[PDB]
Amino acid sequence: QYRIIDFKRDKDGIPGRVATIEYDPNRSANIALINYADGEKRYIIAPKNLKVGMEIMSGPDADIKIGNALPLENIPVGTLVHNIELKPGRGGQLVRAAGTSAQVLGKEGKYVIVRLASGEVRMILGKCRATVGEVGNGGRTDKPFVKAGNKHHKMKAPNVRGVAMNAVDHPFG
Amino acid sequence: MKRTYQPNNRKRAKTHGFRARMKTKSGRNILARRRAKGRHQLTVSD
RNA sequence: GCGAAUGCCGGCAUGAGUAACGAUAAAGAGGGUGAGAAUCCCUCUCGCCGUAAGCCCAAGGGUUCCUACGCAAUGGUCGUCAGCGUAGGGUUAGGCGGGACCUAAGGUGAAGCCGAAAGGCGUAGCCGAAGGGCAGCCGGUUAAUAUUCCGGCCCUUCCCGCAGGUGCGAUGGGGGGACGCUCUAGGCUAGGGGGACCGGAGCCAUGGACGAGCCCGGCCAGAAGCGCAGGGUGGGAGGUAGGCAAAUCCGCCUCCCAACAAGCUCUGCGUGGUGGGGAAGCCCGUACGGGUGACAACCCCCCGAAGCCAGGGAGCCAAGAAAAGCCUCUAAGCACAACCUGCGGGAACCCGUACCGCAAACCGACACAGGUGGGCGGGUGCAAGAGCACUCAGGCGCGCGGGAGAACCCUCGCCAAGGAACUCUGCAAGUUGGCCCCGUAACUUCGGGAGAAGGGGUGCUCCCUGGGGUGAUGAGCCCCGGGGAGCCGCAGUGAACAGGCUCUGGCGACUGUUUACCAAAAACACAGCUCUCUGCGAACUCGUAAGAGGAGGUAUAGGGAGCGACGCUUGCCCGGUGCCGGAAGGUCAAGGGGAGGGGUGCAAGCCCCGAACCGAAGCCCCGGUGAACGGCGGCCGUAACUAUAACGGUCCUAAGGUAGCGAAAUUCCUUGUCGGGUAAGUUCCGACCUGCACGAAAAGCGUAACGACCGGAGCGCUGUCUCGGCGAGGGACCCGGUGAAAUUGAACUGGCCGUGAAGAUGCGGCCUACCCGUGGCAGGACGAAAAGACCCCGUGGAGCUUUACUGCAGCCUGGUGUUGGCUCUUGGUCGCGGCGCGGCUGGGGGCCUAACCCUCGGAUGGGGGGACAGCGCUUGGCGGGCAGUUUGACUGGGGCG
RNA sequence: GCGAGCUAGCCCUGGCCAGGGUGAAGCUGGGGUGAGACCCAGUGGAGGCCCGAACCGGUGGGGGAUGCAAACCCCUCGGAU
RNA sequence: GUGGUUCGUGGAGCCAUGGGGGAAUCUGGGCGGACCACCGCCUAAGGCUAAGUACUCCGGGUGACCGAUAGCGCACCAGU
RNA sequence: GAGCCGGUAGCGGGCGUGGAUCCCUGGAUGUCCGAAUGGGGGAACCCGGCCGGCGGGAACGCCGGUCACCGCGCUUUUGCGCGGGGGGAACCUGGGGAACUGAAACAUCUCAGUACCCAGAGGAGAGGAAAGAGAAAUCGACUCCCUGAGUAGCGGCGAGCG
């Protein structure tokens with residue numbers, strides 16, 4: 001419903017309980033309200049799995065318990081993640097419903113290796129974080145916009161195209 | 001038929017009105033233009 | 001010193017007493033006033049509305065509104081009439097609307113951030129609305145106002161007092177106001193309908209009936225008290241590793257009461273008690289009638305909302321805005337005086353109202369059949385319904401009237417007999433048009449093509465029968481069959497609103513969207529595919545540097561693109577070009593860096609030219625590259641009794657058209673040749689295929705459904721046509737009132753055959769020839785419109801294009817700068833193939849890091865990058881993205897030549 | 001310098017589409033197998049879906065050409081959650 | 001690397017500066033147009049300074065200047 | 001110096017030589033807008049603290065005065081007291097700054113440092129006692145008029161500039 005919310009933990013020792021299935025319409029991410037100890041909440045990432053009955057978190061410590069997330073430092077090798085913590089705390093550093101996250105495919109000193117979900121590879125840094133678990137996007141793909149144009153229903157630009165025009169109009173155009 | 005005249009108090013007013021002109025460089029300009037220059041009254045005055 | 005510039009300005013004639021009265025929703029009659037009335041007032045027949053030609057809220061316009069006088073001009077005629085003149089007068093609100101409250105976009109904007117200056121952005125706060133919020137209603141009352149004025153009934157906020165009450169006491173917090181769409185239960189006013197059941201005013205004329213007969217109505221609003229009606233939440237303790245920066249709030253975990261329980265915000269009764277109440281109505285206009293007094297009546301059953309309770313419930317996806325009130329409290333003061341309540345007195349503003357208002361008062365310069373947002377919009381009849389025919393309330397007859405009825409244009413009605421042959425074309429029109437029953441083909445992505453195609457039904461009468469709302473169900477109402485018998489006309493959706501169908505082909509899939517005043521299409525758009533630039537502080541787009549956008553997006557993503565479902569399938573070539581990679585080698589700018597020469601120099605010196613070598617991108621050179629630009633052969637021979645071909649011979653090219661298709665909308669020789677369709681068919685449609693010049697990605701062959709697309713054919717049907725011939729309403733014609741307009745030197749303007757500058761009323765010869773007019777008919781006056789758009793000419797202009805010229809924007813790029821430390825290293829060089837050293841100086845690899853930047857993540861500290869880079873200066877380069885010029889003459893038309 | 005009360009857009013915020021028709025996901029029940037696939041029947045009510053008013057449009061013909069009008073009148077037509 | 005100057009890249013200076021190096025305090029330090037010797041001039045890299053020239057809204061004077069289509073367009077309920 | 005209540009001539013009423021009309025100069029009022037400035041704003045409207053009478057408050061309580069924008073110095077203290085800013089026909093310097101057109105094209109050039117926009121000073125600014133000019137060991141502020149001179153000279157040595 002035209003809004004944002006959470007995207008980056010950095011208060012820990014906190015109790016992570018899988019709020020609920022609030023599959024969400026606004027970023028290809030499907031998240032559920034994450035119930036913290038105090039009671040303070042957050043429509044959190046959609047890293048598939050972690051059943052309703054919440055039951056997680058993270059921590060400077062550890063707990064690969066699927067989903068969840070800590071610094072690079074605190075992370076296995078051969079592991080699949082998201083909550084792409086690029087720079088030191090820059091919260092998320094990639095993978096948006098981009099299921100196929102990154103896989104600490106080898107780390108090095110204040111530098112941890114990452115398979116570039118998108119489609120390449122290089123390294124991050126020290127404390128830098130990132131929570132494993134999948135994504136959530138059920139291949140958020142496909143699905144037919146049959147005899148109509150989902151698009152429009154888009155609210156998402158018919159910013160339509162052209163290219164053939166009659167003129168000689170717009171940038172590199 | 002829809003000409004182009006349908007005036008709109010709110011509108012026309014707003015849009016044009018002592019102020020504005022003022023607020024502006026330009027506006028201001030001509031304005032004090034008109035003023036002397038011509039005499040008369042002015043927009044909003046309208 | 002002026003005809004004279006389609007000259008400017010002013011007047012004034014033309015056509016011309018012909019053309020027009022702004023919708024073919026018509027009128028006509030009696031009286032009245034007046035100098036004078038088709039055009040005003042009263043009255044009586046008549047026509048048009050009626051979803052309007054209704055009242056209403058807005059917006060816009062602002063006295064246009066009323067009343068008494070008046071018509072000079074505006075009223076396209078009059079005119080005593082006016083939305084025209086002068087004069088006077090008219091619209092009042094604690095509760096309706098705007099503010100004295102709230103914010104999103106957006107706009108402003110102390111601080112902060114960047115500009116040559118003007119300026120740009122912009123936090124918080126403020127501006128900002130029929131979005132939020134907020135305390136009333138019905139009747140009366142003037143020439144006009146009215147939810148404001150009357151009155152009857154219903155309230156709200158502030159203040160002072162006292163009475164009673166309780167930690168009151170910010171707005172900081174928390175809920176909180178807060179919401180999509182499609183759909184639907186339960187209940188109820190609005191609204192409608194039948195009542196002869198109640199009240200009352202005249203009736204019946206006529207044949208008939210005084211009868212459940214005809215005609216009016218039988219309602220509107222309300223303290224709470226009160227039962228149909230729902231409508232919104234649960235209730236205690238404790239922990240609060242403690243949040244929502246600060247504690248009791250709410251958020252989160254644990255144990256008990258965790259119901260149809262109790263809880264607090266709209267409708268019915270009603271009913272306090274008020275009003276209205278038509279038909280009156282004795283005084284009174286018995287008539288511009290009604291102002292105002294009988295009595296009224298004051299009731300039942302029926303239908304029932306597309307938004308009344310309500311923030312409903314159910315489903316769904318594209319998954320639905322922020323600040324007053326309520327409770328928690330710090331500062332803080334009350335805490336015998338702070339807030340809640342009760343009664344009594346006291347206070348309540350600023351500006352808006354008339355009338356118009358699907359409009360002569362609003363935009364179209366005009367009383368112009370043009371447009372302009374919300375509210376039920378009365379009934380009877382159609383299956384339903386703001387569609388339709390008649391009419392209710394209220395509105396109006398278009399502001400020019402008579403008179404003839406000729407041609408002729410308009411709109412409309414009809415036909416025999418034939419029944420598209422008319423023609424580019426069934427363009428038009430006519431067929432057909434409504435609901436029920438029967439019945440439905442090829443093909444299909446099985447949804448559809450079906451309303452397909454093709455019939456048959458419908459009216460009013462009586463009979464016996466079955467159903468669902470009807471508080472049981474018993475004058476009441478509805479959906480409905482049923483089946484039987486029967487009556488009438490040419491006809492029985494009787495009038496009115498209402499597909500012609502079919503057979504085929506081509507393109508584009510489809511609903512679309514678009515060139516406002518020609519073109520709605522095979523044009524774009526698409527859902528869908530493929531290459532593809534991009535890792536964020538993205539990449540591209542605006543920007544002078546900030547900055548916004550992007551996106552609080554993050555590779556199931558964001559931008560660039562050529563096609564444009566789906567199906568089937570997309571082959572061959574990177575020699576040139578763009579690009580991606582390479583960077584060893586050539587080159588080459590600024591620059592370092594020295595041989596050497598030169599000028600003056602008594603001399604130390606003092607200025608230049610300077611070159612060997614080191615030196616950047618770029619370009620040259622190697623490769624990779626096709627849903628990147630682009631291209632994808634020629635002729636001779638051969639089984640072929642006749643023809644490419646199965647094969648063979650070659651020259652050149654980067655290979656040298658593949659699968660599908662084919663005289664297609666790419667095939668001019670052509671109406672190509674064969675076939676079908678026909679009385680013949682240069683359109684079609686099938687097939688060949690020597691494809692003048694298809695071809696896979698600006699796709700290629702096909703493809704159900706789909707189209708105001710285009711073309712081909714058959715039934716159906718009609719004056720489209722064989723000529724039509726009749727008619728109805730409207731101008732045209734005669735009358736009266738009004739009364740333009742472009743063009744025109746001027747003119748009493750005939751035919752001929754000849755002529756002239758070679759298409760003459762005006763010149764020659766000749767022949768007809770009285771003067772004027774009106775209703776017409778087009779030929780000539782080279783008629784009107786416009787100093788040709790087609791043309792060429794001016795070394796005119798303006799837009800798009802690329803290996804045109806140049807130059808800038810941006811982008812890449814060497815050295816240089818606030819760009820600081822530490823170490824690892826190889827190269828040059830001159831000196832003393834060499835190695836040792838030496839100054840020189842060049843390359844480079846590293847965490848760091850103190851600039852810089854960014855970073856943030858809750859503070860100024862940490863974190864990350866870091867000598868980067870941003871960014872400044874010079875270098876060089878790409879560079880049609882843009883800016884400015886240019887691109888000759890000849891020419892027995894411009895060009896090509 | 002002047003303008004989106006022209007028009008093309010885009011942001012914010014309300015209003016609006018009379019009636020009718022077609023009948024997919026679902027859920028209920030029944031159906032030979034292990035459960036099922038899956039069938040059928042009921043309910044059900046979607047779709048830039050169909051038939052059509054206001055409303056949006058302005059092909060196809062008719063008039064009009066010193067018009068009513070610098071785009072309008074007439075018949076006709078497409079869209080109609 | 002631009003300016004201004006008569007100087008449009010030129011044998012081309014002075015003064016002014018966009019970037020980078022970054023001297024001297026009187027035998028100092030620019031100058032007299034590449035530069036150099038000698039001569040000659042001047043002393044910067046802060047500031048104030050009436051008068052002599054320019055302009056008519058205003059008031060006056062004067063006209064081989066006009067007369068209502070000339071003059072300002074506008075001679076008087078006109079920038080309306 | 002003896003007439004007047006403006007252009008209004010008209011009705012109805014009135015001041016005046018114990019110096020009216022009007023001519024001057026210095027006055028006090030100067031409603032609302034406008035730089036506006038208390039705050040908001042579609043100008044000419046609608047909103048707030050302090051003082052204020054106290055005012056009808058007939059046995060019941062309000063306008064008036066006021067005040068206050070923001071950038072400037074700085075007696076800094078808690079900052080009290082001075083200047084500005086908005087104009088303005090033309091003219092002035094700075095800041096920025098162009099094509100036409102000429103060259104009978106047009107890229108150099110010209111129109112020009114013009115036209116325009118911006119800022120700002122003034123009644124005038126501009127500028128202004130010389131690291132100047134030139135060369136007779138000569139001159140000396142700046143400015144402006146004549147002259148120097150259309151010369152010396154700049155240049156697709158062309159149009160011109162000068």
# chains A, B, ... in the order shown; residues from 1 in each chain; ligands from 1
>>> residues_around(residues="range 211-226 of chain C", least_positions_apart="4", cutoff="10 Å", atoms="only C-alpha atoms (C1' of nucleotides)", output="PDB file with C-alpha atoms (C1' of nucleotides), in the first residue's frame")
ATOM      1  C1'   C C 137     -35.227  22.160  11.606  1.00  0.00           C
ATOM      2  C1'   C C 138     -40.136  23.308   9.625  1.00  0.00           C
ATOM      3  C1'   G C 139     -43.969  26.679   8.473  1.00  0.00           C
ATOM      4  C1'   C C 153     -39.484  23.471  18.278  1.00  0.00           C
ATOM      5  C1'   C C 154     -33.622  21.814  18.767  1.00  0.00           C
ATOM      6  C1'   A C 196     -64.837   4.312  -2.714  1.00  0.00           C
ATOM      7  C1'   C C 198     -62.812   8.486   6.010  1.00  0.00           C
ATOM      8  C1'   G C 199     -63.725  14.127   4.910  1.00  0.00           C
ATOM      9  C1'   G C 200     -65.897  17.611   1.568  1.00  0.00           C
ATOM     10  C1'   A C 201     -67.086  21.189  -3.090  1.00  0.00           C
ATOM     11  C1'   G C 202     -70.596  20.175  -7.416  1.00  0.00           C
ATOM     12  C1'   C C 203     -72.047  16.999 -10.932  1.00  0.00           C
ATOM     13  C1'   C C 204     -75.368  13.083 -13.649  1.00  0.00           C
ATOM     14  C1'   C C 269     -42.644   4.975  18.150  1.00  0.00           C
ATOM     15  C1'   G C 270     -43.342   8.876  18.085  1.00  0.00           C
ATOM     16  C1'   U C 271     -45.030  12.251  20.912  1.00  0.00           C
ATOM     17  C1'   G C 272     -44.487  16.556  24.232  1.00  0.00           C
ATOM     18  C1'   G C 273     -46.930  20.237  21.729  1.00  0.00           C
ATOM     19  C1'   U C 274     -46.654  23.258  16.887  1.00  0.00           C
ATOM     20  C1'   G C 275     -47.504  24.028  11.979  1.00  0.00           C
ATOM     21  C1'   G C 276     -49.555  23.157   7.880  1.00  0.00           C
ATOM     22  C1'   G C 277     -54.732  21.621   5.280  1.00  0.00           C
ATOM     23  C1'   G C 278     -57.696  22.657   0.481  1.00  0.00           C
ATOM     24  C1'   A C 279     -63.032  23.678  -1.968  1.00  0.00           C
ATOM     25  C1'   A C 296     -61.235  19.775   6.833  1.00  0.00           C
ATOM     26  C1'   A C 297     -59.852  15.044   6.539  1.00  0.00           C
ATOM     27  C1'   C C 298     -55.679  13.217   8.901  1.00  0.00           C
ATOM     28  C1'   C C 299     -56.440   5.554   7.640  1.00  0.00           C
TER      29        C C 299
END
>>> interface_residues(of="chain D", to="chain A", cutoff="12 Å", atoms="only C-alpha atoms (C1' of nucleotides)", output="PyMOL selection string")
chain D and resi 9-10+47-49
>>> select_by_dssp(residues="chain A", states="strand (DSSP E)", output="CSV table (one decimal) with C-alpha atoms, in the first residue's frame")
chain,number,residue,atom,x,y,z
A,70,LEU,CA,25.6,-11.1,10.7
A,71,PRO,CA,28.8,-9.5,9.4
A,107,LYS,CA,36.7,-14.9,1.7
A,108,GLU,CA,40.0,-13.2,2.4
A,111,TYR,CA,37.9,-9.0,2.6
A,112,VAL,CA,35.2,-11.7,2.1
A,113,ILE,CA,34.4,-13.2,-1.4
A,114,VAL,CA,31.0,-13.1,-3.0
A,115,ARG,CA,29.4,-14.6,-6.0
A,116,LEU,CA,27.8,-11.7,-7.7
A,120,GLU,CA,29.8,-11.7,-11.7
A,121,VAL,CA,32.3,-11.8,-8.7
A,122,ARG,CA,34.6,-9.9,-6.4
A,123,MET,CA,35.0,-9.0,-2.7
A,129,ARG,CA,27.3,-8.1,7.1
A,130,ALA,CA,24.6,-9.9,5.1
>>> residues_around(residues="range 41-43 of chain E", least_positions_apart="6", cutoff="9 Å", atoms="only C-alpha atoms (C1' of nucleotides)", output="PyMOL selection string")
(chain E and resi 29-32) or (chain F and resi 130-132)
>>> write_last_selection(atoms="N, CA and C atoms (P, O5', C5', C4', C3', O3' and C1' of nucleotides)", output="PDB file, in the first residue's frame")
ATOM      1  P     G E  29      67.415  44.239  -7.860  1.00  0.00           P
ATOM      2  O5'   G E  29      66.030  44.745  -8.485  1.00  0.00           O
ATOM      3  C5'   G E  29      64.789  44.265  -7.976  1.00  0.00           C
ATOM      4  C4'   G E  29      63.643  45.207  -8.301  1.00  0.00           C
ATOM      5  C3'   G E  29      63.478  45.569  -9.766  1.00  0.00           C
ATOM      6  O3'   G E  29      62.796  44.540 -10.452  1.00  0.00           O
ATOM      7  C1'   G E  29      63.242  47.509  -8.454  1.00  0.00           C
ATOM      8  P     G E  30      62.807  44.511 -12.051  1.00  0.00           P
ATOM      9  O5'   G E  30      61.376  45.107 -12.449  1.00  0.00           O
ATOM     10  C5'   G E  30      60.966  45.081 -13.825  1.00  0.00           C
ATOM     11  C4'   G E  30      59.887  46.104 -14.143  1.00  0.00           C
ATOM     12  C3'   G E  30      60.024  46.761 -15.508  1.00  0.00           C
ATOM     13  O3'   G E  30      59.236  46.070 -16.453  1.00  0.00           O
ATOM     14  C1'   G E  30      59.895  48.450 -13.855  1.00  0.00           C
ATOM     15  P     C E  31      59.802  45.863 -17.928  1.00  0.00           P
ATOM     16  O5'   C E  31      59.990  47.368 -18.471  1.00  0.00           O
ATOM     17  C5'   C E  31      58.849  48.159 -18.810  1.00  0.00           C
ATOM     18  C4'   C E  31      59.071  49.667 -18.765  1.00  0.00           C
ATOM     19  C3'   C E  31      59.854  50.269 -19.918  1.00  0.00           C
ATOM     20  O3'   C E  31      59.039  50.339 -21.068  1.00  0.00           O
ATOM     21  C1'   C E  31      60.406  51.359 -17.887  1.00  0.00           C
ATOM     22  P     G E  32      59.424  49.503 -22.372  1.00  0.00           P
ATOM     23  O5'   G E  32      60.068  50.631 -23.308  1.00  0.00           O
ATOM     24  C5'   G E  32      59.265  51.689 -23.834  1.00  0.00           C
ATOM     25  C4'   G E  32      60.096  52.898 -24.235  1.00  0.00           C
ATOM     26  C3'   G E  32      61.345  52.610 -25.059  1.00  0.00           C
ATOM     27  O3'   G E  32      61.050  52.458 -26.439  1.00  0.00           O
ATOM     28  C1'   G E  32      61.946  53.983 -23.256  1.00  0.00           C
TER      29        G E  32
ATOM     30  P     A F 130      52.817  60.866  -7.164  1.00  0.00           P
ATOM     31  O5'   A F 130      52.473  60.424  -8.662  1.00  0.00           O
ATOM     32  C5'   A F 130      52.021  59.092  -8.901  1.00  0.00           C
ATOM     33  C4'   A F 130      52.022  58.661 -10.360  1.00  0.00           C
ATOM     34  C3'   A F 130      53.215  57.836 -10.795  1.00  0.00           C
ATOM     35  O3'   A F 130      53.194  56.558 -10.184  1.00  0.00           O
ATOM     36  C1'   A F 130      52.560  59.255 -12.543  1.00  0.00           C
ATOM     37  P     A F 131      54.279  55.451 -10.580  1.00  0.00           P
ATOM     38  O5'   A F 131      53.417  54.590 -11.629  1.00  0.00           O
ATOM     39  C5'   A F 131      54.000  53.948 -12.758  1.00  0.00           C
ATOM     40  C4'   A F 131      55.401  53.482 -12.425  1.00  0.00           C
ATOM     41  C3'   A F 131      56.352  53.246 -13.580  1.00  0.00           C
ATOM     42  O3'   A F 131      56.860  54.497 -14.028  1.00  0.00           O
ATOM     43  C1'   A F 131      56.725  51.826 -11.678  1.00  0.00           C
ATOM     44  P     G F 132      56.610  54.489 -16.177  1.00  0.00           P
ATOM     45  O5'   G F 132      55.335  55.461 -16.205  1.00  0.00           O
ATOM     46  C5'   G F 132      54.034  54.980 -16.530  1.00  0.00           C
ATOM     47  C4'   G F 132      53.180  56.100 -17.085  1.00  0.00           C
ATOM     48  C3'   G F 132      53.579  56.552 -18.479  1.00  0.00           C
ATOM     49  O3'   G F 132      52.966  55.741 -19.463  1.00  0.00           O
ATOM     50  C1'   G F 132      53.452  58.437 -17.095  1.00  0.00           C
TER      51        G F 132
END
>>> closest_residue(among="A:48, A:161, A:140, A:110", to="residue 82 in chain A", atoms="only C-alpha atoms")
A:48
>>> closest_residue(among="B:12, B:21, B:46, B:36", to="chain E", atoms="only C-alpha atoms (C1' of nucleotides)")
B:36
>>> closest_atom_pairs(of="chain B", to="chain E", cutoff="7 Å", atoms="only C-alpha atoms (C1' of nucleotides)", output="JSON lines")
{"residue": "B:38", "atom": "CA", "partner": "E:79", "partner_atom": "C1'", "distance": 5.4}
{"residue": "B:39", "atom": "CA", "partner": "E:79", "partner_atom": "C1'", "distance": 6.4}
{"residue": "B:40", "atom": "CA", "partner": "E:79", "partner_atom": "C1'", "distance": 7.0}
>>> write_last_selection(atoms="N, CA, C and O atoms", output="tab-separated table (two decimals), in the first residue's frame")
chain	number	residue	atom	x	y	z
B	38	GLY	N	3.08	54.09	-19.11
B	38	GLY	CA	1.72	54.19	-19.63
B	38	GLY	C	0.69	54.87	-18.75
B	38	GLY	O	-0.09	55.69	-19.23
B	39	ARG	N	0.66	54.53	-17.46
B	39	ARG	CA	-0.42	55.01	-16.61
B	39	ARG	C	-1.29	53.83	-16.20
B	39	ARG	O	-0.84	52.90	-15.54
B	40	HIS	N	-2.56	53.92	-16.59
B	40	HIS	CA	-3.49	52.79	-16.57
B	40	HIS	C	-3.74	52.22	-15.18
B	40	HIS	O	-3.86	52.95	-14.20
>>> atom_distance(atom1="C1' of residue 128 in chain C", atom2="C1' of residue 100 in chain C")
17.0 Å
